[PDB]
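In the block that follows, a single chain appears as structure tokens, in the form deposited in one PDB entry.
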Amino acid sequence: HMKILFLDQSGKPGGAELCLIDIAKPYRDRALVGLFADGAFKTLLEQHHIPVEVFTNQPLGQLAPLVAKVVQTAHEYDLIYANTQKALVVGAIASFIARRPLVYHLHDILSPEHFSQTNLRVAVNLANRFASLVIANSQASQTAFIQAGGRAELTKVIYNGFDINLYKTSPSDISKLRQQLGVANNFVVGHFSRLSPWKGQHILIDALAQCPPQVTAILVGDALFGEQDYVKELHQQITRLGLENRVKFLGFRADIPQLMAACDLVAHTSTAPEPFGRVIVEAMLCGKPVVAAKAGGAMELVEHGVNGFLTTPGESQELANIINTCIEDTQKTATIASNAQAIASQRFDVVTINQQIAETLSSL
């Protein structure tokens, strides 16, 4: 059992951070998770009994106090596990100076479409020189790393894991929740991505206007990084279409399995390739049908017409056609959903994922 210093730049619970909860939990007796900012993610790590600490930039390491503090701390640990891009910069420096092995867990697709050239060069060059191992969350992320110049031999793909038991909800609780939302007689499409242009909420909204009138959508998530312009653009879009009473924003929520159960279809509409797609697996584990954008790691998670649907990124009419399909062919749709549950339960079970992480770390 090695002492591990996990690093993550964000104090907010984005996908990489929620993923980090499961990655770190088995190591929590001897681990520390270091954050470069405070927020609800700190709270979450406490609730799960994972030791955590916020490093700050308050005061040769006079240029970057945070980096110095992390370097100091890293001396007390056997391994540095960088979970985000800024965390890789800091972890790489600490890996050199404290002479500690570095793992980089890659949750992004390092492509020009997602990031500036400088960010790509930095991540790729730091990973190549300092990382003993690059764990990619999907073959698509592995691929994009390599196309950006990253070293193939450093890469292993390990999917996000999920605690299977969290994804059941009673018929009775479903009914109540649908009641409380005021959607009991709607066909409900749930979108569970943080609000940001590339997560494509506006595509779902465009599709709604081509759907039957009983279809409403719940947008779950907040603008995690100050994309408040986008949120305003959504509200205006909703208004310009006839959609004011057909779209509810619920903000960031914690009861995701329950809200997914309350939906009739879960939709993922990213307009740029999704590296993995947690909401996709989560939908499947809740036994709900899911439609996703046909790119990135979604293609690995979904076989169209078998365990979900895939539509061309950016194309709202296709999304509408799939919604209509789910309304009309309910028995097909229920079998698809049910197949999804069975498959995803095997593939993405946190127990198997944890075993893979353990084996990979032991094999260094």
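Think of the rigid core as the biggest set of C-alphas that the two forms share within 1.5 Å after superposition. Numbers for residues come from their place in the sequence shown, where the first is 1.
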According to the PDB record, deposited residues with no modelled atoms between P59 and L60 number 10 or more
Comparing 334-342 with 61-69, the higher average Cα temperature factor in the PDB entry belongs to 61-69
Higher of the two mean Cα B-factors (238-246, 130-138; per PDB record) comes from 238-246
Top Cα B-factor in this entry, restricted to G221, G277, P273, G150, sits on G221
The largest CA temperature factor among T269, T216, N83, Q179 is found at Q179
Of the three thirds of the chain ranked by Cα temperature factor, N160 occupies the lowest
Chain thirds by Cα B factor, record data; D108 belongs to the lowest
Binned into thirds over the chain's modelled residues, the C-alpha B-factor of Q356 lands in the highest
Temperature factor at the Cα of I174, chain-ranked in thirds, falls in the highest
Temperature factor at the Cα of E318, chain-ranked in thirds, falls in the middle
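This protein has a second form, the form deposited in another entry, left out of what is shown; the following refers to that one.
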Mover between the shown form and the other one (rigid core aligned, C-alpha >= 2 Å shift), picked from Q317, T335, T43, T312, is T43
Quiz item: For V302, is the C-alpha shift between the shown form and the other one 2 Å or more after core superposition?
Solution: no
### Query
Would the C-alpha of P65 be classed as shifted by 2 Å or more between the shown form and the other one after rigid-core alignment?
yes
Requested in this report: For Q228, state whether the C-alpha moves by 2 Å or more between the shown form and the other one after rigid core superposition.
Outcome: yes
